[PDB]
Amino acid sequence: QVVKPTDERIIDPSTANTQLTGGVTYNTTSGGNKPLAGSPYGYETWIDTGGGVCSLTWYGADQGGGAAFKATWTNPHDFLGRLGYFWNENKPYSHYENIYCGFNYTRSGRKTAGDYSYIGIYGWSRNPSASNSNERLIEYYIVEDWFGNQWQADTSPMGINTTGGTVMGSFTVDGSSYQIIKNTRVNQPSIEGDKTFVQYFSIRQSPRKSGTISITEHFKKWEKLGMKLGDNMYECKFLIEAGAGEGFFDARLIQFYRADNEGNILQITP
């Protein structure tokens with residue numbers, strides 16, 4: 001049994017609509033996780049040197065929940081801009097207890113991020129005891145929203161037509177149904193070079209731009225379906241990914257917090 005925290009330091013995402021200014025801008029690939037001044041969080045930018053101009057601007061430790069950022073892209077080649085927890089310390093997800101993220105952002109409209117795009121929670125995990133070598137490395141997504149494309153509205157959820165792979169099930173958390181997808185990426189770019197690895201997706205069936213994500217509930221549901229993450233969690237960050245196009249993502253709130261099963265805060269910003 002898990003109690004949802006009621007701490008006053010938690011910012012209500014529903015009313016967190018103030019535009020932020022005065023952030024620190026990063027214009028190039030960060031070369032992995034990089035630290036942030038006065039923050040427990042790390043950012044990463046993947047800005048392919050063969051693609052167009054992209055940026056990520058972190059709004060700082062002292063506003064917008066501490067993890068808020070803006071991102072821009074002009075004809076990217078799979079731009080990823082992300083910010084949040086960096087772990088990578090040989091611990092399973094359970095070690096970090098109950099993980100939450102409150103968010104609120106604006107973004108550019110439909111078809112401004114290419115044929116595929118993702119907004120939500122993202123990371124990797126390593127499973128040294130996986131029964132299949134394809135599943136020794138896992139890339140994971142909790143997809144709250146996307147930019148749609150020429151075929152599908154951004155107001156409707158993406159499916160296997162976008163992600164590839166196989167539907168594994170569904171569950172209801174944080175006010176919406178989520179479709180669970182597993183996909184095998186064959187000889188594709190990863191955190192272990194070009195290789196074969198597995199992807200886990202939770203796709204929110206009601207796309208949204210503000211709310212709270214009970215991240216650990218997704219990890220638990222995947223585990224119940226036999227989608228194991230292993231004992232070495234890499235990161236847990238808020239992501240915007242754009243396949244192509246020209247657009248922006250502009251967060252007014254990104255606040256990570258962790259709590260025990262009785263709702264007591266273990267970590268919160270600011």
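Along the sequence shown, residues carry numbers from 1. As a basis for the values below, the full set of heavy atoms in this structure was taken, side chains included, without hydrogen atoms, waters or symmetry mates.
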> Rounded to the nearest 0.5 Å, what separation is found between the NZ atom of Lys4 and the CG atom of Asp174?
Replying inline: 7.0 Å
> So do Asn149 and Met158 actually touch side chain to side chain, heavy atoms under 4.5 Å?
Replying inline: no
> Judged by modelled atom types alone, do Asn127 and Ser129 share a side-chain donor-acceptor pair under 3.5 Å?
Replying inline: yes
> Taking the side chain from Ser156 and the backbone from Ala153, do they hold a donor-acceptor pair closer than 3.5 Å?
Replying inline: yes
> Do the non-hydrogen side-chain atoms of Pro40 and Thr269 ever get within less than 4.5 Å of each other?
Replying inline: yes
> Which atoms form the tightest heavy-atom contact between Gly102 and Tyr257, and what is the distance?
Replying inline: N-CE2, 4.4 Å
>> Taking the side chain as everything from C-beta on, heavy atoms only, tell me whether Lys237 gets closer than 4.5 Å to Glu44.
In response: yes
>> Take a 6.0 Å sphere around NZ of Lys70 and say whether it holds more than 12 heavy atoms from other residues, nucleotides or ligands.
In response: no
> Rounded to the nearest 0.5 Å, how far does CD1 of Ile121 lie from CZ of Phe103?
Replying inline: 8.0 Å
> Going through the distances and angles, do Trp222 and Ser202 end up as a side chain to side chain donor-acceptor pair (under 3.5 Å)?
Replying inline: CA-CA 9 Å; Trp222 300 340; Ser202 288; 2.9 Å; yes
> Can you tell me if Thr72 and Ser55 form a side-chain donor-acceptor pair at under 3.5 Å?
Replying inline: yes
>> Quick check on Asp62: does its CG atom have over 12 non-hydrogen neighbours (other residues, nucleotides or ligands) under 6.0 Å away?
In response: no
>> Consider side chain to side chain contact (heavy atoms under 4.5 Å, CB included). Of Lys221, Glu144, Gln205, which one does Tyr178 pass it with?
In response: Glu144
> Closest approach of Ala68 and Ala251, non-hydrogen atoms and distance?
Replying inline: CB-O, 3.9 Å
>> Taking the basic N atoms (NZ, or NE/NH1/NH2) and the acidic carboxylate oxygens, is any pair closer than 4.0 Å for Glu246 and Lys111?
In response: no
> Looking only at atom types and distance, does a side-chain atom of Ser177 sit under 3.5 Å from a main-chain N or O of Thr172, one as donor and one as acceptor?
Replying inline: no
> If you round to the nearest 0.5 Å, how far is OG1 of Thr28 from CD1 of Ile47?
Replying inline: 6.0 Å
>> Closer than 3.5 angstrom, by distance alone: can the side chain of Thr196 be matched with the main-chain N or O of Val186 as a donor-acceptor pair?
In response: no
>> How about CD on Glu89, more than 12 heavy atoms from neighbouring residues, nucleotides or ligands closer than 6.0 Å, or not?
In response: yes
> Do the side chain of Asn232 and the main chain of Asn90 share a donor and acceptor less than 3.5 angstrom apart?
Replying inline: yes
> Less than 4.5 Å apart, any side-chain heavy atom of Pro128 and any of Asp231?
Replying inline: yes
> Looking only at atom types and distance, does a side-chain atom of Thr74 sit under 3.5 Å from a main-chain N or O of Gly52, one as donor and one as acceptor?
Replying inline: no
>> Aromatic contact between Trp146 and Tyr116, with the criterion being ring centroids under 6.0 Å apart: yes or no?
In response: no
>> To the nearest 0.5 Å, what is the distance between CG on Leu20 and OG1 on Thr57?
In response: 11.5 Å
> Are any of the side-chain heavy atoms of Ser210 and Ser14 separated by less than 4.5 Å?
Replying inline: no
>> Would you say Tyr200 ends up clustered with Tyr93 if hydrophobic residues are merged whenever their side chains have heavy atoms under 4.5 Å apart, either directly or through other cluster members?
In response: yes
> Under 3.5 Å, side chain of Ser117 to main-chain N/O of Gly243, donor-acceptor pair present?
Replying inline: no
> Would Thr25 and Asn27 count as a side chain to side chain donor-acceptor pair (under 3.5 Å) if you check the C-alpha gap in whole Å, the side-chain angles of each, and the deciding distance to 0.1 Å?
Replying inline: CA-CA 6 Å; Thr25 304; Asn27 305 109; 5.7 Å; no
> Is a side-chain donor or acceptor of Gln255 paired with a backbone partner of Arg9 at a separation under 3.5 angstrom?
Replying inline: yes
> For the residue pair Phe69 and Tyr59, is the inter-centroid distance of their aromatic rings smaller than 6.0 Å?
Replying inline: no
> Which is it for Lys220 and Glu223 under the salt bridge (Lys or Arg N to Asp or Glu O under 4.0 Å) test, yes or no, and what are the steps along the way?
Replying inline: CA-CA 5 Å; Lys220 285 172 173 177; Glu223 189 179 356; over 6 Å; no
> Does any non-hydrogen side-chain atom of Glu135 lie less than 4.5 Å from one of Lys228?
Replying inline: no
> Within 45° of the ring axis of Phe147 and under 6.0 Å from its six-membered ring centre, is that where the NZ or CZ of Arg107 lies?
Replying inline: yes
> How far does OH of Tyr140 sit from OG of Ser125, to the nearest 0.5 angstrom?
Replying inline: 8.0 Å
>> Between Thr184 and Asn134, do the side chains contain a donor N or O and an acceptor N or O under 3.5 Å apart?
In response: no
> So which heavy atom on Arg208 is nearest to which on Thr212, and how close?
Replying inline: NH2-O, 2.9 Å
> Do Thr29 side-chain atoms and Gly31 backbone N/O form a donor-acceptor pair below 3.5 Å?
Replying inline: no
> Do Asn98 and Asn261 come within less than 4.5 Å of each other through their side chains, counting heavy atoms only?
Replying inline: yes
> At what distance, to the nearest 0.5 angstrom, does CD1 of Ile99 lie from CD of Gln267?
Replying inline: 10.0 Å
> Passes salt bridge (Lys or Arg N to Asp or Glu O under 4.0 Å), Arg126 versus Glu192? Steps please.
Replying inline: CA-CA 10 Å; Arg126 290 180 167 98; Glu192 289 180 1; 2.9 Å; yes
> Taking all non-hydrogen atoms of both residues, which atom of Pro157 and which atom of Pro207 are closest, and how far apart?
Replying inline: N-CG, 4.0 Å
>> Assess the residue pair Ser176 and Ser206 against the criterion (side chain to side chain donor-acceptor pair (under 3.5 Å)); give the C-alpha distance rounded to whole Å, side-chain angles, the decisive distance to 0.1 Å, and a yes or no.
In response: CA-CA 6 Å; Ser176 178; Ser206 181; 4.9 Å; no
>> If you take the centroid of each ring, where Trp contributes its six-membered ring, are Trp46 and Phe79 closer together than 6.0 Å?
In response: no
> Can you tell me if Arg252 and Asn104 form a side-chain donor-acceptor pair at under 3.5 Å?
Replying inline: yes
> Is there a chain of hydrophobic side chains (I, L, V, M, F, W, Y, each step under 4.5 Å between heavy atoms) that links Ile215 to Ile181?
Replying inline: no
> Is the shortest side-chain N to carboxylate O distance from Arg82 to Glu241 below 4.0 Å?
Replying inline: no
>> Before we go on, tell me: are the rings of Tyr118 and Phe201 under 6.0 Å apart, centre to centre?
In response: yes
> Any chance the side chains of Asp145 and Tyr105 put a donor and an acceptor closer than 3.5 Å?
Replying inline: yes
>> Are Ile119 and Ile213 linked, directly or through intermediate hydrophobic residues, by side-chain heavy-atom contacts shorter than 4.5 Å (ILVMFWY only)?
In response: yes
>> If you apply the rule side chain to side chain donor-acceptor pair (under 3.5 Å), what do you find for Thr106 with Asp250, and how did you get there?
In response: CA-CA 5 Å; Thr106 63; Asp250 198 342; 4.8 Å; no
>> Do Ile10 and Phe238 sit in one hydrophobic cluster, given that two such residues count as connected whenever their side-chain heavy atoms are within less than 4.5 Å of each other, even indirectly?
In response: no
> Any chain of hydrophobic side-chain contacts (each under 4.5 Å) joining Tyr122 to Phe249?
Replying inline: no
> Is a donor on one side and an acceptor on the other found under 3.5 Å between the side chain of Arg258 and the backbone of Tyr96?
Replying inline: yes
> Should the ring pair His218 and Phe171 be called parallel, tilted or perpendicular, given that the plane angle runs from 0 to 90° and is split at 30 and 60?
Replying inline: perpendicular
> Does the side chain of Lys182 come within less than 4.5 Å of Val198's, by heavy atoms?
Replying inline: yes
> Taking the six-membered ring for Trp, is the centroid-to-centroid distance between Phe86 and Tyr234 below 6.0 Å?
Replying inline: yes
> With distance as the sole criterion, is a donor-acceptor pair present between the side chains of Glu217 and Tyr100 under 3.5 Å?
Replying inline: no
> Hey, does the side chain of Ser190 reach the backbone of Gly193 with a donor-acceptor pair shorter than 3.5 angstrom?
Replying inline: yes
